[PDB]
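Undergrad: Provide a 3D model corresponding to the input given below.
(chains A, B, C, D, E and F, ligands or ions: 6)
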Amino acid sequence: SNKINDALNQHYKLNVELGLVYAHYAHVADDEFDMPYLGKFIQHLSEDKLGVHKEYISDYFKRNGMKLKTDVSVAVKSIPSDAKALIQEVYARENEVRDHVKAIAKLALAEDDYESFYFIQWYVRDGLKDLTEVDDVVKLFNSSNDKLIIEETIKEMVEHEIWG
Amino acid sequence: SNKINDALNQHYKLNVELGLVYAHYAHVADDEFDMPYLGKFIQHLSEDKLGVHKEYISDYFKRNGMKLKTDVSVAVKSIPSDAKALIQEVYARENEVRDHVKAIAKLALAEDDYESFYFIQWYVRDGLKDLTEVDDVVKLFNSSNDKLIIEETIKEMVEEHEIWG
Amino acid sequence: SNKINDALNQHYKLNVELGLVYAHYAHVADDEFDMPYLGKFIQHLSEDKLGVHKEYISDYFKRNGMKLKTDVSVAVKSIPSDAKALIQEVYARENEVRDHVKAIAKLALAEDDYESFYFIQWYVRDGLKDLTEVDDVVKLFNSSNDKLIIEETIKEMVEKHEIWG
Amino acid sequence: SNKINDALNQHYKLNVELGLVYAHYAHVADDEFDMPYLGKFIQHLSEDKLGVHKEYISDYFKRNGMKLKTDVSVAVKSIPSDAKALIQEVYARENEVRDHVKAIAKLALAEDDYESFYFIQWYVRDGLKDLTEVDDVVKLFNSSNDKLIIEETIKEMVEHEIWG
Amino acid sequence: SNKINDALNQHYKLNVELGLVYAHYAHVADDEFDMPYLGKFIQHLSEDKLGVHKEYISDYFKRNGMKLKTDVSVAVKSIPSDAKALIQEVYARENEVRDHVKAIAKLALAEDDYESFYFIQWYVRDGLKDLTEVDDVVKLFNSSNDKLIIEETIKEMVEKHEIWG
Amino acid sequence: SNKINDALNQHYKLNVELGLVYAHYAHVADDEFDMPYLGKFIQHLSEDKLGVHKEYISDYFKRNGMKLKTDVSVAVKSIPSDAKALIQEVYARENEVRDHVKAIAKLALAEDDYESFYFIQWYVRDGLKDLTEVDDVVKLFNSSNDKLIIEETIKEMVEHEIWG
Ligand SMILES: [Fe+3]
Ligand SMILES: [Fe+3]
Ligand SMILES: [Fe+3]
Ligand SMILES: [Fe+3]
Ligand SMILES: [Fe+3]
Ligand SMILES: [Fe+3]
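TA: Numbers count the residues shown, from 1 in each chain, chains lettered A, B, ... in the order given. Ligands and ions are numbered 1, 2, ... in the order given. This is the structure:
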């Protein structure tokens, strides 16, 4: 169907934009806020969003017969005042890509299509995994106030049977 | 220096846009014209532009003290009708990137700023290397008109010189 | 979601109660019927119930932001007479667990909450797995009338699929 | 739960019949059109259809409580005229198998039998996997004409994370 | 030599039909008589019949120059009432396959076609081998009474000659 | 004997109830107080009581021929304010388990039941080990205020000839 194709192309575009903006965030975090390991963490998020997250969609298109568009336009206008607000912006972006995927899954079931449902299961799982990771990183900036302790913990972080 | 920073920001943006365009071309050539290994080759080029070619610039800006800006935008509305035309398209893109980086190198040598000359030497080398890598594949479509033989050749190709390595 | 949280609290308490009952049944079957291996089998089932089947629910709660409630109460006041009635009672308990899981799955699907659907698929599979594991032993008693042969069979069972496993 | 019982019996019968027809097709493709590796390919397809595809159904029947019925009748009288039409015929057969299994899955959801849905996910995936494996072979016959080149390619032709 | 051609086509048909029938019998034996290992044994017979027993005929046809024909008509509608009757049905089918292959061999030798004789010697041996393999398990249902001993013995048979090898 | 049977049934019931309560406390510590490693500590604590601590009793009952009774009543409706009060509550629980075991040992020695004395020696020895392992953690919340320091210390604590 064409509804499914539109939804998948929108998710493609969203993933590309997220990857680019995350890369910029990682750079500004490492360089301006004196936190290299936060930079590595957000860089890994950005490389994940520009890697398999869209290669899988392109592969599915080549496989079943849909066609692919390309329209991305991003520009960074502001950068949060501290590390905490930045990590919270990241948390919000992920929290919304979750609901985007939920909408796509409902649409899939309502269209008598089941290959698309079996396919979108992967994103249903990865969304929650990534959210719990970024939240476990968010929950540090309240348990402490020293910067180097948080950085050491993130260092030892950057090195399940259902949600795994 | 402001001119150096502006040229390097333009180069960063250019690499990003080329990477996106190459990935889309790879999908097209693998789905529309039935040549999977050409698709894998162009996809490798795409993973190369979106990879070290911008990480190095970001790291340099971290080191020397320059500022980064990100503003990209692309749209792929017209795509060639064959495989030969597609590979010649990407050939032209590489040939233009060569001239862009030569301009940056001249600008760096004029400003009496030698760390940037040292930095840009790597791009001076990699440009010619990638240009020959893609021209070697362009030369195939003038040898045979059989698709599967060209497929076998590019296949064995996807599977280093001292100076231009 | 609130009703999903109620259903999952229900299932948590159900699993805890079943685990305690199964531990008692294993002790009884070992000490009163002189069948130590039937005891080992039921005890493995009990350690399965009090183990993974509730830590998974706890982890899901800690991951999506729901609230866990704990209120259990159990008292085994009557046991069956022989081994066959015991194993048939165990069969009935498992068979009711199946129905409870189906209820939860339907409820989750009817209100557009798909993470819980993906979560509950595991329980959907494990239900039938455990049920056939139990019925394999249930069928043994109708195939003989001696006890020690059943002992040897259960032993070679406990000393041991792409879809259901 | 007899509706799903009947549907699964339909699928069992269809599987064995396709297996036999493919065995005959492989013999024909080897002996008549001088292509032994196309023979190997269709032979592996038939070994797949008569292999796990029906043992899984028998096992689900043994586990849940349904009953099995064997009822087969096959006759191969008219065969395609050349290799391309043969591989295209196989393509269409598997294309129809996909529609059949999708109908089974919709019926399974419509009856609140979630074990059946969980069971049929496997076929829903393997259908598209086999379909793309056969499409990859049928697309070779338009890329050249020398039968020996195509023989070499199919020779060198004999796993993903989602469709794996 | 259309005689040997029609005989081998008949044998192909019969092999496929007994393959399917053995599959169905293995199912009904595992599910209704509560004897899993007897089901494994009959399933191994089923998988043998549809296996090399017909690929050898099709391969000889390719290598020689005869024509192949497929036609199957199977319908299972009546099932024996216990395990003994089932294994005796299997016994009768094997005993008939022996007679069929003997007829084929005599026809081949009377036709002055010695390649068919050389080919059919394999089936001449394997028929007696498989008949002995089935008779060994037939003889079990007259030596004991409880199903579990028979299960253990069939299991040890299925987990494990210079002439009839 | 009879009094020994009654005391041992009491102890079995107590150990089961402690297991369940400690499980709940571990969950609430990890989720609400943002301390996952304390959660794992208390989780191993719980799984200890629902492990050997009751299987040993049931085994001894099978071995000398006493009668086992199960009856459990557990409902948690009050929870401490933060981690310190939590671990202090745990400390009180273990401290009470000690003197329950002492009462059992005295009763066993009075009635000239020496097999029960030899049995309860294990429970007598493995009360001071548990109490000192809990005290090592409860006296960490006196030295520091930066929750991540205590987190790392407990982490390294997770991963004797007489008492051991
Ligand atoms: Fe991800
Ligand atoms: Fe490069
Ligand atoms: Fe289980
Ligand atoms: Fe398949
Ligand atoms: Fe044989
Ligand atoms: Fe202890």
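Undergrad: wouldn't residue A:163 be in contact with residue A:128 here?
TA: Yes - taking Cβ atoms under 8 Å as the definition, residue A:163 is a contact partner of residue A:128 at 6.3 Å. For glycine as for every other residue, the C-beta is placed from the backbone atoms N, C-alpha and C.
Undergrad: Give me the common contacts of those two.
TA: Contact criterion Cβ atoms under 8 Å, 6 or more residues apart in numbering or on different chains; residues shared by residue A:163 and residue A:128: residue C:63.
Undergrad: Which of these two has more residues huddled nearby?
TA: More neighbours surround residue A:128 than the other of residue A:163 and residue A:128, with 21 against 16 (other Cβ atoms under 10 Å in any protein chain shown).
Undergrad: Surely that one and residue A:98 touch.
TA: Yes - with contact defined as Cβ under 8 Å, residue A:128 reaches residue A:98; the gap is 7.1 Å.
Undergrad: Contact partners for the one residue in chain A that gets nearest to ligand 5?
TA: Closest contact between chain A and ligand 5, by Cβ to the ion, is at residue A:118 (41.1 Å). Going by Cβ under 8 Å, 6+ apart, residue A:118 touches D:121, D:124, D:125.
Undergrad: and those as JSON lines, adding neighbour count and secondary structure?
TA: Output for these, formatted as JSON lines (neighbours: other Cβ atoms under 10 Å in any protein chain shown; DSSP: H, G, I helix; E, B strand; the rest coil):
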{"residue": "D:121", "neighbour count": "17", "secondary structure": "helix"}
{"residue": "D:124", "neighbour count": "19", "secondary structure": "helix"}
{"residue": "D:125", "neighbour count": "18", "secondary structure": "helix"}
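Undergrad: Next up, the contacts around the residue nearest to residue A:146 when sequence neighbours are not counted.
TA: Spatial nearest neighbour of residue A:146, chain neighbours left out: residue F:146 (6.5 Å); criterion: Cβ to Cβ, 6 or more residues apart in numbering or on different chains. When contacts are counted by Cβ under 8 Å, 6+ apart, residue F:146 touches A:143, A:144, A:145, A:146, A:149.
Undergrad: Got a quick ChimeraX command for the buried subset of the residues you listed?
TA: Remark: buried members of those, expressed as a ChimeraX selection using 16 or more other Cβ atoms under 10 Å in any protein chain shown:
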select /A:143,144,149
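Undergrad: In the contacts of residue F:146, find the pair that's most separated.
TA: Spatial extent of the contacts of residue F:146 (Cβ to Cβ) is set by the pair A:143 and A:146 at 10.5 Å.
Undergrad: related to what we said a few turns ago, for the residue nearest to residue A:146, phi and psi?
TA: Per-residue torsions, residue F:146: phi -80, psi 110 (degrees, to the nearest 10).
Undergrad: Strands along chain A, start to end?
TA: A:71-75 (DSSP state E).
Undergrad: how about the residues of it near chain F?
TA: Neighbours of chain F within chain A, by Cβ under 8 Å from any Cβ of the partner chain: A:139, A:140, A:142, A:143, A:144, A:145, A:146, A:149, A:150, A:153.
Undergrad: Nearest spatial neighbour of the fifth one, chain-adjacent residues omitted?
TA: Spelled out, it's residue A:144. The shortest distance from residue A:144 to any non-neighbouring residue, by Cβ to Cβ, 6+ apart, is to residue F:148 (4.6 Å).
Undergrad: Next up, the contacts around the one you found.
TA: A:140, A:143, A:144, A:149, A:150, A:153.
Undergrad: Tell me the one of those residues nearest chain B?
TA: Among the contacts of residue F:148, residue A:150 lies closest to chain B (Cβ to the nearest Cβ), at 20.3 Å.
Undergrad: my guess is the closest one meets residue A:144, correct?
TA: Yes - Residue A:150 is within contact range of residue A:144, at 5.9 Å (criterion: Cβ under 8 Å).
Undergrad: hmm, back to that, now, which of the residues of chain A next to chain F lie within helices?
TA: Within the residues of chain A next to chain F, residues falling in helices by DSSP state H are A:140, A:142, A:143, A:149, A:150, A:153.
Undergrad: remind me, longest helix of chain A?
TA: helix A:2-32.
Undergrad: does chain B sit close to that helix?
TA: Yes - Helix A:2-32 lies within reach of chain B by Cβ under 8 Å from any Cβ, at A:16, A:20, A:21, A:23, A:24, A:27, A:28, A:30, A:31.
Undergrad: mind listing what the last one touches?
TA: The contact partners of residue A:31, taken as Cβ under 8 Å, 6+ apart, are A:39, B:61, B:62, B:68.
Undergrad: mind redoing it with 6 Å?
TA: residue B:62 (Cβ atoms under 6 Å, 6 or more residues apart in numbering or on different chains).
Undergrad: If we go by neighbour counts, what in stretch A:35-54 is buried?
TA: Buried residues in stretch A:35-54, counting neighbours by 16+ other Cβ under 10 Å, are found at A:35-43, A:45-50, A:52-54.
Undergrad: Over to stretch A:67-85?
TA: Applying 16+ other Cβ under 10 Å to stretch A:67-85 flags A:68, A:70, A:72, A:74, A:80, A:83 as buried.
Undergrad: go on, stretch A:151-160?
TA: By 16+ other Cβ under 10 Å, the buried positions in stretch A:151-160 come out as A:153, A:154.
Undergrad: Briefly note if it comes near chain C.
TA: No - using Cβ under 6 Å from any Cβ of the partner chain, stretch A:151-160 never reaches chain C; the gap is at least 7.5 Å.
Undergrad: Using CSV, write down the CA coordinates of that stretch.
TA: In CSV, the C-alpha atoms belonging to stretch A:151-160 read as follows (Å, rounded to 0.1, in the frame of the first residue of the first chain):
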residue,chain,number,x,y,z
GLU,A,151,32.5,11.3,33.4
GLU,A,152,34.1,8.3,34.9
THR,A,153,30.8,6.5,35.3
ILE,A,154,29.9,7.2,31.7
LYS,A,155,33.3,5.9,30.7
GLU,A,156,32.6,2.6,32.5
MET,A,157,29.2,2.6,30.8
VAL,A,158,30.5,3.0,27.2
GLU,A,159,32.7,-0.1,27.4
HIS,A,160,18.7,-8.9,28.0
